[PDB]
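Structure first, then comments.
No hydrogens, no waters, no symmetry mates; every other heavy atom, side chains included, goes into these values. In what follows, chains are A, B, ... by sequence order, proteins preceding strands, each numbered from 1.
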Amino acid sequence: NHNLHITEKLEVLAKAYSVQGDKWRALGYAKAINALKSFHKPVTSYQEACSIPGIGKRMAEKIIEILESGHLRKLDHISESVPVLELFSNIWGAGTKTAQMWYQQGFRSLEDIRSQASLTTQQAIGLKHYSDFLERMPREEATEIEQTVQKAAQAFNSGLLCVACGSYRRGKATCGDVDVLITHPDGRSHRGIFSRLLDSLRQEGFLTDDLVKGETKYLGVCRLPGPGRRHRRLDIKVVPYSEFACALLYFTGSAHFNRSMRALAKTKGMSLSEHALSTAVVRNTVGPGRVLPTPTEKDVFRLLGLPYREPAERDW
DNA sequence: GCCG
DNA sequence: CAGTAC
DNA sequence: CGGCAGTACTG
Ligand SMILES: Cc1cn([C@H]2C[C@H](O)[C@@H](COP(=O)(O)O)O2)c(=O)[nH]c1=O
Ligand SMILES: [Ca+2]
Ligand SMILES: [Ca+2]
Ligand code: NA
Ligand code: NA
Ligand code: NA
């Protein structure tokens, strides 16, 4: 990234817009920042900037200001509420609408939230683990967590496949959470193994809090045994074997990579989700499409006309 | 905010 | 449903 | 002008 002296400035504005609820302007800013990071050739002109995809006239003027004047004046008018809104919306379960409500009510600190705010169960758990959830763990610990869940699961059925996805699967040195995807090549055993698996993990003391409990998805909190351990975010999902590939893609991310693949699919009349890649999905402005066989991620790429990207090149 |  | 998360 | 990904728990 030869343009850090621009992305540094633009990330602040993107975050201000994001915490203040201007989701689409924040998205545009983020895509332009990805463009900047991906150029590998320091932009040294307004025409070179205005010519990069994801970067238009507004962003070109911002960048030219940063280039010549070494500073962007918009940054001097970020609302004073932004640091408080960021503090509040880093609580798991609270987003921009709750952060802004809390701000309007006069709250300015987590002590205010603790003593005065009305919290959901999820928010009370997120506040209780605030510092822990802001940390990333070494991928070695992620391995230990994956293996804990895989041992718990493979006791019910040694044929179950358990794969840790997310940044872990993209090969990052640290991970903000662990996301375990479970399936069985038999196609008809992933029923009941989910509830009993969670009962097992809870009996061992491994699971400490539940955030979301659905028929297919679990999101919660775990902690490995012993000293020097923190609480970590853990997701577990169980899927039929026929969806395994599409799950692996989706839950491996990144989020920008997925959103790009899904935009592309949408262009070619297809629809891509965590369940299936469908074709001739009818839309406008009920679209029961046809599911396409995707036994491997490579098949998803191929059906979309793309070369296969390994998980490590999927940052955006 | 960007792009069709 | 709106809000939130993935 | 208008989409910007698509799906699933909570309350
Ligand atoms: C944050 C986010 C992630 N994802 C996908 C890509 C991430 O690698 C995967 C796991 O999410 P995570 O990074 O929060 O654990 O979920 C989405 O589909 N949408 C989102 O908004
Ligand atoms: Ca991750
Ligand atoms: Ca614009
Ligand atoms: Na461009
Ligand atoms: Na939050
Ligand atoms: Na996750």
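Of the N and O atoms on the side chains of A/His231 and A/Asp209, not one donor lies less than 3.5 Å from an acceptor on the other residue. Side-chain contact annotation: A/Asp210 with A/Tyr218, donor-acceptor N/O pair under 3.5 Å present.
Comparing D/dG6, D/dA8, B/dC2 by their closest approach to the side chain of A/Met59 singles out B/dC2. Checked against D/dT10, B/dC2, C/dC6, the side chain of A/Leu219 finds its nearest nucleotide in C/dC6. Out of C/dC6, D/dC4, D/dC9, the shortest distance to the side chain of A/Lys266 is found at D/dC4. Each of D/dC9, B/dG1, D/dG6 was ranked by its minimum atom distance to the side chain of A/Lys62; first place goes to B/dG1. When the nucleotides D/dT7, D/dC9, C/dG3 are ranked by their closest atom to the side chain of A/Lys97, C/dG3 comes out on top. Out of D/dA8, D/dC4, C/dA5, the shortest distance to the side chain of A/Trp92 is found at C/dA5.
Regarding contacts with the backbone of D/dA8, a side-chain N or O of A/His275 is found under 4.0 angstrom from either OP1 or OP2. For the pair A/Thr98 and C/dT4, the criterion of a side-chain N or O lying under 4.0 Å from OP1 or OP2 is met. The side chain of A/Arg262 contributes no N or O atom lying less than 4.0 Å from OP1 or OP2 of D/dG6. Here A/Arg25 reaches the OP1 or OP2 of B/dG1: one of its side-chain N or O atoms lies under 4.0 Å away. Taking side-chain N and O atoms only, A/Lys217 has no distance below 4.0 Å to OP1 or OP2 of C/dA5. Contact annotation: A/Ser271 side-chain N/O to D/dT7 OP1/OP2 distance is not under 4.0 Å. Regarding contacts with the backbone of D/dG11, a side-chain N or O of A/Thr121 is found under 4.0 angstrom from either OP1 or OP2. For A/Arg233, a side-chain nitrogen or oxygen approaches OP1 or OP2 of C/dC6 to under 4.0 Å.
South is the pucker assigned to the sugar of D/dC1, its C1'-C2'-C3'-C4' torsion being negative.
Nucleic acid contact class of A/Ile91 (heavy atoms, under 4.0 Å, all strands): sugar-phosphate only. Across all strands, A/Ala94 comes closer than 4.0 Å only to sugar-phosphate atoms, never to a base (heavy-atom distances).
Taking atom CZ on A/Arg283 and atom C1' on D/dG2, their separation rounds to 16 Å, with Å as the unit. Regarding A/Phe88, its CZ atom lies at a distance of 18 Å from the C1' atom of C/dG3, rounded to whole Å. Counting to the nearest Å, the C1' atom of D/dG6 and the OH atom of A/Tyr250 are 8 Å from each other. Atom CZ in A/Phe257 sits about 14 Å away from atom P in D/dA5, given to the nearest Å. Following rounding to the nearest Å, A/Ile125 (CD1) and D/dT10 (P) show an atom-to-atom distance of 11 Å. The separation between A/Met101 atom CE and D/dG11 atom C1' is 14 Å, rounded to whole Å. Going from atom CG of A/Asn258 over to atom P of D/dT7 covers 13 Å, rounded to whole Å. Distance CD (A/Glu61) to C1' (B/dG1): 12 Å, rounded to an integer number of Å.
A/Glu65 and A/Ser69 make their closest contact through O-OG, 2.6 Å (heavy atoms, listed as atom of the first residue, atom of the second, distance).
Contact annotation: side chain of A/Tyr17 to base of B/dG1, donor-acceptor pair absent below 3.5 Å. Side chain A/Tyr29 to base B/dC2: no donor-acceptor pair is found below 3.5 Å.
Nucleotides B/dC3 and D/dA5 place their P atoms 15 Å apart, quoted to the nearest Å. For D/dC4 and C/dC6, the P atoms lie 22 Å apart once the distance is rounded to whole Å.
Criterion: ILVMFWY side-chain heavy atoms under 4.5 Å apart, direct or through other members. Under it, A/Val291 and A/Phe301 are not part of a common hydrophobic cluster.
A stacking contact links A/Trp24 to D/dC4: the aromatic ring centre lies within less than 5.5 Å of the base's six-membered ring centre, and the planes differ by less than 30°.
The partner of D/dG2 is B/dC3, judged by Watson-Crick or G-U wobble contacts that both fall below 3.5 Å.
Side-chain atoms of A/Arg223 do not come within 3.5 Å of backbone N or O of A/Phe206 as any donor-acceptor pair. Looking at A/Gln122, its side chain never comes within 3.5 Å of a backbone N or O of A/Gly93 through a donor-acceptor pair.
Scanning for side chain to side chain contact (heavy atoms under 4.5 Å, CB included) contacts around A/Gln100 gives A/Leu85, A/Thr96, with sequence neighbours left out.
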